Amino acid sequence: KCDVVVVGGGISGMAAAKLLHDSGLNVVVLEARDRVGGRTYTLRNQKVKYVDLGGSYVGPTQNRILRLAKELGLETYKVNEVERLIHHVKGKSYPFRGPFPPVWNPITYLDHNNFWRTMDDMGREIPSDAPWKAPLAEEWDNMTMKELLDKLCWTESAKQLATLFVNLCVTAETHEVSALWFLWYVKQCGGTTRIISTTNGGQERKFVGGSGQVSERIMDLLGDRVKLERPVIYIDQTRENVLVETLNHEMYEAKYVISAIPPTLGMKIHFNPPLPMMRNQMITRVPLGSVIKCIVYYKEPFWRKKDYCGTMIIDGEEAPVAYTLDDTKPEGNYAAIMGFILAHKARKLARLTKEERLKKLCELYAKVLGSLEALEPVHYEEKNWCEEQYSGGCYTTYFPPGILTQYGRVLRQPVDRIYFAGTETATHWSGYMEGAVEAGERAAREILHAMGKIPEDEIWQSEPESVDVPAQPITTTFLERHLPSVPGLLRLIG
């Protein structure tokens, strides 16, 4: 008994399922896996209490997920940043404060500052709405992030940090991704400072008890309406009602469909009539990134006694993990260090066993933190999202050179009675649980409008700022704004 069938049981699909349900429509969520959540997964066991193996951090400006979470009963806590962060470079650890690791060489400094600034400068020229309408869309999209970096960075030290920055943001290589798309990505989160910041940015907080809780609690509000172990394999739009068919043979009929699965994963559904050419091809050109999330558990948060907060930014090819955060529960309990094994390394180290990875991570953390204690883990958890069939990767989808301009506007164009959600279709914090909410609700409202229940006026809604997580605005030093680039200085002579 269905007005709308939502494909996809993740935050986006649930967010949508709920909005429709709240508005008095009969919905149904068909979910392939034996669990809701998708790219969020909260493991619960005795050694760990709870742990986010998937999507986890939420921050200021991410108002939608914060709102939906509150209403569903959930609370946040601050990720630990009281003590010092560590930038570990060329085999040595240098402690620091603030978002960016400091650089002492005045030339290198000019270069670094210019890089971050130019990402943001370039970004101001790309609309979130429609990145392909950027004045230099063609040029920028026809060129990789590695190219742009090779051009923009006069120092090896800045090329390397920039690379790490790209690797960490989108779990792909700089040579894999289009410049236009990457620049769009960063800007639709609020620029470099917002995206890279723990305190006052994207990694500020986590949900008490896990984020799996979000889509779980929505499943509760919907009773028997969410159907687990139901992978959709066929959508048929020939008749008056849309027929949607699952791998186990059940048939569902609906006036409308929200597809809230990752773009490329539409490949997994057979369509009748065939999809329009643009979409048929678009969905083969949009891969997801590669990451292993790893958590190592320790008797005590030892790092803090050495005045380290747990954050490590680790340069170099040999290091299996480039970025860590402290994962100790808000109490002091269950101390842990979180880390990502990114991009090409997620492929290299997947060859090893669970134990061999644990060993490599510990030896690293031991070197970086300079403490024997890191060699004594009390427990370990990991997830390699590269092997998930109904995910395709993590965190999100990336666009190779040339594809955003050409196939861009396809992603959220309705196909008859199919409407498209999922975070990759958001316009603010796309890539994140936030985007998942934006997209989920907009797609729902699109259907509402088609049924003539709300005006076009009302499809895209703005969101009131959170009271519990107010957003400090981002500011820049006069010197930051005005210092020359390395070439610019060379030009200030001859």
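In case it trips you up, residue 1 is the first one in the sequence shown, and so on.
On average the C-alpha atoms of 351 to 359 have higher B-factors than those of the other stretch, with 176 to 184 and 351 to 359 being the two compared.
Annotation for 247 to 255 versus 308 to 316: the higher mean temperature factor (C-alpha) is found in 247 to 255. Highest C-alpha temperature factor among 51, 426, 433, 451, as the PDB entry reports it: 451. In the PDB entry, the Cα temperature factor peaks, among 204, 141, 240, 387, at 240.
Per the PDB record, residue ranking by Cα B-factor puts residue 396 in the lowest third of the chain.
Residue 17: CA B factor in the middle third of modelled residues in this chain (values from the PDB entry).
Compared with the other modelled residues of the chain, the Cα B-factor recorded for residue 60 ranks in the middle third. When the modelled residues of the chain are ordered by C-alpha B-factor, residue 370 sits in the middle third. Ranked by C-alpha B-factor against the other modelled residues of its chain, residue 167 falls in the lowest third.
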